[PDB]
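In what follows, a single structure is set out as structure tokens and then discussed.
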Amino acid sequence: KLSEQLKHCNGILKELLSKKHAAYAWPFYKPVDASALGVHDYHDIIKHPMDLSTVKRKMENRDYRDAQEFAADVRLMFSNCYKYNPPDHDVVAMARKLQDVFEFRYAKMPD
Ligand SMILES: COC(=O)[C@H](C)[C@@H]1N=C(c2ccc(Cl)cc2)c2ccc(OC)cc2-n2c(C)nnc21
Ligand SMILES: C[C@H](O)COC[C@H](C)O
Ligand SMILES: [Cl-]
């Protein structure tokens, strides 16, 4: 049984995965497939891949012991995107928008 704070985190996660945000969330649904995408330098540049399916698995498996650990993974996901891609690329604009959704709701965390 998740703590109250981790319940809030799980709610955020469900929201990020919902159809409401799909237009900009979809690149983050699954691990980057570097070979499929032709980005053969991705794993040289990104040492700690992260994506929402992995966050979801970790939540289901009770891997996260607190909200801070959850938030660090979601933010790592966005950071990888900002690290690999030029700041004016489409996928970066999507990341910024999804991160806005995440940060404003994470800020509503019950004490
Ligand atoms: C050539 O650069 C790319 O393809 C990067 C690696 C890729 N761009 C994208 C990307 C490029 C253009 C648009 Cl409009 C949306 C996403 C990408 C696409 C699919 C995907 O999972 C299936 C992950 C993507 N992703 C993420 C997350 N962070 N960077 C990307
Ligand atoms: C767009 C920045 O990379 C992240 O900003 C988060 C803010 C809550 O929109
Ligand atoms: Cl953090």
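In the structure tokens, chains take the letters A, B, ... in the order shown, each chain's residues start at 1, and ligands count up from 1 in the order shown.
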Exercise for the section: Write out as a VMD selection string which residues come within 9 Å of residue A:28 when counting only C-alpha atoms, dropping same-chain ones fewer than 4 positions away. Expected result: chain A and resid 24 32 50 to 53 77 to 78 95
Could you write those residues out with N, CA and C atoms, as a JSON list (two decimals), in the first residue's frame?
[["chain", "number", "residue", "atom", "x", "y", "z"],
["A", 24, "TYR", "N", 1.80, 15.56, -26.59],
["A", 24, "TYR", "CA", 3.18, 15.90, -26.29],
["A", 24, "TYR", "C", 3.82, 14.86, -25.37],
["A", 32, "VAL", "N", 13.70, 5.10, -25.18],
["A", 32, "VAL", "CA", 14.24, 5.49, -26.47],
["A", 32, "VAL", "C", 14.90, 4.27, -27.12],
["A", 50, "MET", "N", 15.64, 7.01, -19.08],
["A", 50, "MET", "CA", 14.42, 6.90, -18.29],
["A", 50, "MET", "C", 13.23, 7.25, -19.16],
["A", 51, "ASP", "N", 12.06, 6.70, -18.82],
["A", 51, "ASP", "CA", 10.84, 6.92, -19.60],
["A", 51, "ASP", "C", 9.65, 6.57, -18.71],
["A", 52, "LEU", "N", 8.44, 6.91, -19.14],
["A", 52, "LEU", "CA", 7.30, 6.74, -18.26],
["A", 52, "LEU", "C", 6.93, 5.27, -18.01],
["A", 53, "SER", "N", 7.20, 4.38, -18.96],
["A", 53, "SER", "CA", 6.87, 2.96, -18.74],
["A", 53, "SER", "C", 7.76, 2.41, -17.65],
["A", 77, "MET", "N", 14.22, 11.83, -16.86],
["A", 77, "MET", "CA", 13.65, 11.64, -18.19],
["A", 77, "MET", "C", 13.65, 12.93, -19.01],
["A", 78, "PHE", "N", 13.18, 14.02, -18.42],
["A", 78, "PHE", "CA", 13.15, 15.29, -19.13],
["A", 78, "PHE", "C", 14.58, 15.76, -19.40],
["A", 95, "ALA", "N", 8.68, 18.02, -24.34],
["A", 95, "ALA", "CA", 9.19, 17.78, -23.00],
["A", 95, "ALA", "C", 8.89, 18.95, -22.06]]
Can you check which parts of chain A lie within 9 Å of ligand 3? Per residue, the shortest pair of atoms and distance in Å to one decimal, counting only C-alpha atoms and all ligand atoms, sorted by chain and number, as JSON lines.
{"residue": "A:68", "atom": "CA", "partner": "ligand 3", "partner_atom_place_in_ligand_line": "1 (Cl)", "distance": 6.5}
{"residue": "A:69", "atom": "CA", "partner": "ligand 3", "partner_atom_place_in_ligand_line": "1 (Cl)", "distance": 7.5}
{"residue": "A:70", "atom": "CA", "partner": "ligand 3", "partner_atom_place_in_ligand_line": "1 (Cl)", "distance": 8.5}
{"residue": "A:71", "atom": "CA", "partner": "ligand 3", "partner_atom_place_in_ligand_line": "1 (Cl)", "distance": 5.7}
{"residue": "A:72", "atom": "CA", "partner": "ligand 3", "partner_atom_place_in_ligand_line": "1 (Cl)", "distance": 4.0}
{"residue": "A:73", "atom": "CA", "partner": "ligand 3", "partner_atom_place_in_ligand_line": "1 (Cl)", "distance": 7.7}
{"residue": "A:74", "atom": "CA", "partner": "ligand 3", "partner_atom_place_in_ligand_line": "1 (Cl)", "distance": 8.5}
{"residue": "A:75", "atom": "CA", "partner": "ligand 3", "partner_atom_place_in_ligand_line": "1 (Cl)", "distance": 6.4}
{"residue": "A:76", "atom": "CA", "partner": "ligand 3", "partner_atom_place_in_ligand_line": "1 (Cl)", "distance": 8.0}
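Shortest atom-to-atom contact with residue A:103 among A:60, A:89, A:41, A:12: A:12, counting only C-alpha atoms.
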Exercise for the section: Could the residues that lie within 7 Å of ligand 2, counting only C-alpha atoms and all ligand atoms, be listed as number ranges by chain? Expected result: A: 96-97, 99-100, 103-104
What would the file look like if the residues just selected were written as a compact mmCIF listing (two decimals), in the first residue's frame with N, CA, C and O atoms?
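part34.txt was written with the following content:
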# COMPACT_ATOMS: atom_id res chain seq x y z
N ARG A 96 9.10 20.18 -22.53
CA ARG A 96 8.85 21.35 -21.67
C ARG A 96 7.40 21.39 -21.23
O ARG A 96 7.10 21.73 -20.09
N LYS A 97 6.51 21.08 -22.16
CA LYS A 97 5.08 21.13 -21.89
C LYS A 97 4.68 20.03 -20.90
O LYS A 97 3.94 20.28 -19.95
N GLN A 99 6.67 18.63 -18.78
CA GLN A 99 7.30 18.94 -17.50
C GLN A 99 6.52 20.00 -16.76
O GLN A 99 6.46 19.99 -15.53
N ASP A 100 5.90 20.92 -17.50
CA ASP A 100 5.03 21.90 -16.87
C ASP A 100 3.85 21.21 -16.19
O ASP A 100 3.52 21.50 -15.04
N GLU A 103 5.42 19.42 -13.04
CA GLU A 103 5.89 20.23 -11.92
C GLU A 103 4.73 20.92 -11.19
O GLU A 103 4.74 21.02 -9.98
N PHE A 104 3.73 21.38 -11.92
CA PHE A 104 2.67 22.10 -11.22
C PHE A 104 1.84 21.17 -10.38
O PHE A 104 1.40 21.55 -9.30
Problem - Within-9 Å residues of ligand 1, basis only C-alpha atoms and all ligand atoms, as a PyMOL selection string - result: chain A and resi 24-34+36-39+42+50-51+77-78+80-85+89-92+94-95
Go ahead and dump the residues you just picked, N, CA and C atoms, as a compact mmCIF listing (two decimals), in the first residue's frame.
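out15.txt, freshly written:
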# COMPACT_ATOMS: atom_id res chain seq x y z
N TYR A 24 1.80 15.56 -26.59
CA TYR A 24 3.18 15.90 -26.29
C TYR A 24 3.82 14.86 -25.37
N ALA A 25 3.02 13.96 -24.80
CA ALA A 25 3.60 12.94 -23.92
C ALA A 25 4.11 11.70 -24.65
N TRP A 26 3.62 11.45 -25.86
CA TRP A 26 3.84 10.14 -26.46
C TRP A 26 5.33 9.75 -26.66
N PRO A 27 6.23 10.72 -26.92
CA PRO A 27 7.63 10.29 -27.08
C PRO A 27 8.23 9.71 -25.80
N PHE A 28 7.57 9.97 -24.67
CA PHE A 28 8.10 9.59 -23.37
C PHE A 28 7.47 8.32 -22.83
N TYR A 29 6.64 7.67 -23.63
CA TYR A 29 5.89 6.50 -23.15
C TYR A 29 6.77 5.27 -22.92
N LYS A 30 7.80 5.12 -23.75
CA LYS A 30 8.62 3.90 -23.77
C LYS A 30 10.11 4.26 -23.90
N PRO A 31 11.01 3.33 -23.56
CA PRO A 31 12.44 3.66 -23.67
C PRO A 31 12.83 4.10 -25.07
N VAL A 32 13.70 5.10 -25.18
CA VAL A 32 14.24 5.49 -26.47
C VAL A 32 14.90 4.27 -27.12
N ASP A 33 14.47 3.96 -28.34
CA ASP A 33 15.07 2.88 -29.13
C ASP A 33 16.07 3.52 -30.08
N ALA A 34 17.34 3.57 -29.67
CA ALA A 34 18.33 4.36 -30.39
C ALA A 34 18.55 3.83 -31.80
N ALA A 36 16.36 2.09 -33.66
CA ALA A 36 15.17 2.36 -34.46
C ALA A 36 15.17 3.80 -34.96
N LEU A 37 15.58 4.71 -34.09
CA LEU A 37 15.51 6.14 -34.38
C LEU A 37 16.74 6.64 -35.14
N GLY A 38 17.73 5.77 -35.28
CA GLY A 38 18.97 6.12 -35.95
C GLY A 38 19.92 6.99 -35.15
N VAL A 39 19.71 7.06 -33.83
CA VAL A 39 20.53 7.94 -33.00
C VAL A 39 21.63 7.13 -32.31
N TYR A 42 23.20 8.09 -28.93
CA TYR A 42 22.33 8.34 -27.78
C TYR A 42 22.89 7.76 -26.49
N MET A 50 15.64 7.01 -19.08
CA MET A 50 14.42 6.90 -18.29
C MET A 50 13.23 7.25 -19.16
N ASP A 51 12.06 6.70 -18.82
CA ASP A 51 10.84 6.92 -19.60
C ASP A 51 9.65 6.57 -18.71
N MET A 77 14.22 11.83 -16.86
CA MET A 77 13.65 11.64 -18.19
C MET A 77 13.65 12.93 -19.01
N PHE A 78 13.18 14.02 -18.42
CA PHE A 78 13.15 15.29 -19.13
C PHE A 78 14.58 15.76 -19.40
N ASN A 80 17.29 14.08 -19.86
CA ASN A 80 17.95 13.35 -20.95
C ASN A 80 17.55 13.96 -22.28
N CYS A 81 16.28 14.35 -22.36
CA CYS A 81 15.77 14.94 -23.59
C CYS A 81 16.46 16.27 -23.87
N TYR A 82 16.57 17.10 -22.83
CA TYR A 82 17.25 18.39 -22.96
C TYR A 82 18.75 18.22 -23.23
N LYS A 83 19.32 17.11 -22.77
CA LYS A 83 20.75 16.89 -22.96
C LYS A 83 21.04 16.48 -24.40
N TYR A 84 20.23 15.56 -24.93
CA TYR A 84 20.52 15.01 -26.25
C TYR A 84 20.13 15.94 -27.39
N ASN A 85 19.00 16.62 -27.25
CA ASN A 85 18.39 17.36 -28.36
C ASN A 85 18.67 18.86 -28.32
N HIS A 89 14.32 21.95 -30.88
CA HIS A 89 13.70 20.82 -31.56
C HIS A 89 12.30 20.55 -31.04
N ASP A 90 11.45 19.98 -31.89
CA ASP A 90 10.07 19.67 -31.52
C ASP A 90 9.95 18.84 -30.25
N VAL A 91 10.77 17.81 -30.11
CA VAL A 91 10.61 16.92 -28.96
C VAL A 91 10.94 17.64 -27.65
N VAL A 92 11.81 18.64 -27.72
CA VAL A 92 12.14 19.44 -26.56
C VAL A 92 10.96 20.32 -26.14
N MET A 94 7.89 19.54 -26.58
CA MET A 94 6.98 18.59 -25.97
C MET A 94 7.39 18.27 -24.54
N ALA A 95 8.68 18.02 -24.34
CA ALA A 95 9.19 17.78 -23.00
C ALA A 95 8.89 18.95 -22.06
